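Structure 1 and structure 2 below are two forms of the same protein chain, each written out on its own as C-alpha cells.
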Structure 1
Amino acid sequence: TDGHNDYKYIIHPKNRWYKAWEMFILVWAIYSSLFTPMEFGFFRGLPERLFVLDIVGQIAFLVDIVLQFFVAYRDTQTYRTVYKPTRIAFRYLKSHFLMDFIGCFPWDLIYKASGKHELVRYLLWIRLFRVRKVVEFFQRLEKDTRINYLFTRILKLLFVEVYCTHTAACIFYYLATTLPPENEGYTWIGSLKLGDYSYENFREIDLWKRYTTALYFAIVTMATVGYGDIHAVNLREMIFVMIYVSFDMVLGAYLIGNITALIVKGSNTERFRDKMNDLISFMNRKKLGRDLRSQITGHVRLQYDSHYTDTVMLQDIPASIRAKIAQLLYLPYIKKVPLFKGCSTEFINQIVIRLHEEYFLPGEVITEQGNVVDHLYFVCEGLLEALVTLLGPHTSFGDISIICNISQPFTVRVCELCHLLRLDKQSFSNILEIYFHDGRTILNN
C-alpha cells in the first residue's frame, strides 16, 4: 500500500532519529536569530575571542542544508508521501534554498578583507530568515496536542513582542554611532546623565551597561509608560521612534482582542451555573417549599457533571462505533434480569439507543405508586429499597406496569450512590412493533 521504500535513500519524516535532529537545530536557530542584531549594532567587526564560535555556528546550518535533499514529504492535494528524489529536489530549489544558502557565507571575514566598507555589513540581516524554524514549531504545536488553539495563539503573540523589543533596542543603539565622536553631545546616549553618573565618551563603556540601558528604554516605550529620562534628540531618532510606536499600538490592540476572545467563549460549567440562578429565581419569585427543591438542586448539580456527555454523541456523526461500544458497555449488566432471558441478539444490540446515564444522591425517591410510568430504570450497582423488596445490582423494575399500562405497586427509595439508566418505551414500543421474537420471550414469564 506504500508503493515505495524501493529507494532506501530517503528518510521518513516521522523517524525517531530525525526528530532528534530537528530539535537540535531549533536551539541553534534561536541563538542565531538573537545574536545577529547584537553583532550588527554594538560592534564594527568581531573581536578575536568570538572567532571559533562564529565559524562553528555555520557548520550546523550547512549540514541542515544538505539534509533536505533526502526527506520525504506529504503532498497537499493528494495525501500520499512522495519518495522520489527529483520531486524532492525541485520543491526545495523553488522554496527555501537560496536564502538558506547565502545566509551561510562568512560575512565577517569578507568585511575585514575588502577595506571595511560599511555596506557589506548590511548582508547580516538575511540571517533573520532562520525564525522559520520557530514558526514551524509553533505550527506543529497547535494541531496535535491537548491544549486549545487560542491559548497557543496568545503565547505565539507574546513571543513576538520580546523579539521586537530586542531588535528595536539594537537599532536604537546603532543610530547613535552614525555621527562622529566630536558631535557626541547631539545624541541620545552621549548627552545622558542619570543620578551622579555621566554617559560621556560612551564607546568605552562596557557592553552590558549599554545594552541594558537600550533595552530599558525599549521595554518602557513598548508598555506605553514613558518616563522621559531617556528620549530622542536627533531627527533620525525621531523618525525611528515615530515608526516604532505606531507598530506597537496595533500589536497591543491585537493582544487585548485575543485575550477578550478567549474569555468570552467560556466553558459549559458556567453555562449551567447561570441556569441554576434562573431556575431558583423562578422558584422563588413566587413562594414554594424548600425540601424537594433543595433535593432537585443537588440533583442537577450532580447531573450536569454527566449531561455534557449526551449532546456530543447523540447523532452528530453517524458512527457504528457507538453500536460497538454500546454492546461493550451497558447490557453486560442488563442480560441478568429475567426480562431479557431469551431475546434475540437483534433486540440486544437494538435496545442500546436510549439508555441515558445519570448519577444520584443517597436521599432521593426513585419511583411512585400512584403513577403512569414514564421512565424505566436499569441499574449498574445498587442497594436500594422499596416498601416489599430491596433491589440490588444487575436488576430492573418498572416493566411490571408500563406495557400493560398499570400503576406500579412499589415505593422505591434509596440510601446509596446511584448509577441507573433511563429508558422511554417510545423506542421500545416502536421497534418492538417490528420485531417480536423478543416480545414472545419477554412475556414468557
Structure 2
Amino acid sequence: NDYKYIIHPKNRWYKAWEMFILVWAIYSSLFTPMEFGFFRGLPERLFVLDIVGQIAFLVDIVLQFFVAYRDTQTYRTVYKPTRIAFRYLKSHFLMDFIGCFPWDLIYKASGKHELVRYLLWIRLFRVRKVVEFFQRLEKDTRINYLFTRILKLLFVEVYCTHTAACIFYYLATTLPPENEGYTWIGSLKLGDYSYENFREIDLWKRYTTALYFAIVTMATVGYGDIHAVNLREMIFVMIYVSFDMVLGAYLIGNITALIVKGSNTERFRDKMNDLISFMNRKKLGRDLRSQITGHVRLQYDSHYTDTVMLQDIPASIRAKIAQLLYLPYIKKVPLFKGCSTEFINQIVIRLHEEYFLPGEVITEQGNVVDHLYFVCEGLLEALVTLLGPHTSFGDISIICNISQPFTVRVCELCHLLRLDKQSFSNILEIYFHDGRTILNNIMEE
C-alpha cells in the first residue's frame, strides 16, 4: 500500500516523537497529582506551562491517524488510513482528547466548582506511554526481560507513592481552615516547627512532608511522627497500605524469580559440587584434575560456546553456522589450498571447537595422533617452529601412518578446531580427486 504519508513506525523521525512525548508524558503525569492536590487552580505564572503542555499531546493525537498499525497476529503494517484511523479512534482517543482540555481554565471559568477539577485524573492515562515503554524495552535482548519486570514495579511504586502523597495532602484541604487541627498536617509538629496554617507553607515543604509520609509508609517503616488523624485519612491510609502490601510482595517475588535463574559463579559451583565427587572415589591425576578445574574455569568465566544449545535449530542449518563463519576458518588453511566446497562442507559436518589454556601438550610426540586441529585464536608451540593461527597440526601423520613429530604445546589461549581422524578417512576415501589435492599439496613442501 503506497499511501505516502503513513509513517512506518521505525522511522527515525517517529522516534523524536516517542522519546519526546515520553518526556512530556512523565512530566504531565508527575505534575497532574501535584496540580490536583496542592493547588486549587494553578498560579498564573504556570499558565503558559499548562497551555503548552497540552499542545504537545494535542499534536500527537493527529499523529496517531497517520501511523502504521502493525497488525495483532497477521504481521503487516496496515497502511490503510481508514483502519489505523478507526483502530485508534476507538481504543484510546477520548482518553487522550478529554485529558487535553484546559481543565484549569474550565475550572476557573465555570465559577470554581470543585468537581470539574477531578477531570485532571484523566491525564493519568499518559503513564500508558511509560508502560508502552517498559513493553518495548523487554522486547530488547540487550537486558533481561525480568529485570525490566523489576524496573517496571520500581517506577510503579514511586509513582503510586507520589500520587498517594498528593491525595493525602489533598484530604487535609477538604476540611475548612478552621478545622485544621483535625488534619494530618495542620496538627503536625516536627521539632520546633509547627505546621499550623499549612496552606501558606511553602509548596516544597508541604510536598516534601507529604511525600515523606508516603515513602516511609511504602517502605513499611512507619515512624509515626506523621500519621492519619481524620476518619477520611484513615480510610485512605487503609487503602494505600493494603495496595502496598500486595505491591511489595510482588517486588520481592520478581527479585526472587530473577535470582532463582542464578549467576555463572553458582552455576560453576553447580557443575563443581559433583566434580568433587566421582574423582575422589575414582580419582584421576590431580595435576590433570587441577587442569580440569582450569578448563571449567575457562568454560565458565569466559566463552559459553553453545554446543550445549545449538541442538535447537536443525543439523543442516547448524551446519550453516558451519558455512557463513566456517568458510573463513576452513578456506584460510594452507593445507586446503585447491579444495572444492563439497570437501569443506563434509569436513564441517563433523567439526568441534575446544579451547586450551597454556600448559598442555595436545598431540604428543612419539605416540599416535587422534584428531585434526586447526588454529582459530591464540598461538601454539611445536617442539622447533612456532605454529600460529589458521594452521594445521595433528595432520601430517593421518594422511600417512606416521606419529606426531612435535610436542605441540600451547602458549596463548587457543581456539582449536578439533575433528575426529575417522572423518579424515571417510571424507578422504569418498572424494578421490580431493584426496589427490591434499596429496599434491603434501608434496608441495
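Quick note, the numbers are simply positions in structure 1, starting from 1. Take the two forms, find the largest set of C-alpha atoms that superpose within 1.5 Å, and that set is the rigid core.
With the rigid core aligned between the two structures, only one of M276, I239, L123, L109 has a CA shift of 2 Å or more: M276. Comparing the forms between the two structures, the C-alpha position of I431 differs by 2 angstroms or more, with the core used for superposition. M249: CA moves less than 2 Å between the two structures after rigid-core fitting. Annotation: Cα of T36 displaced by less than 2 Å between the two structures, core superposition. When the rigid core is fitted, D374 shows a C-alpha shift of 7.9 Å between the two structures.
The two forms line up on their rigid core, and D399 then has its Cα shifted by 9.7 Å between the two structures. For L93, the displacement of the CA atom between the two structures, after superposition on the rigid core, amounts to 1.4 Å.
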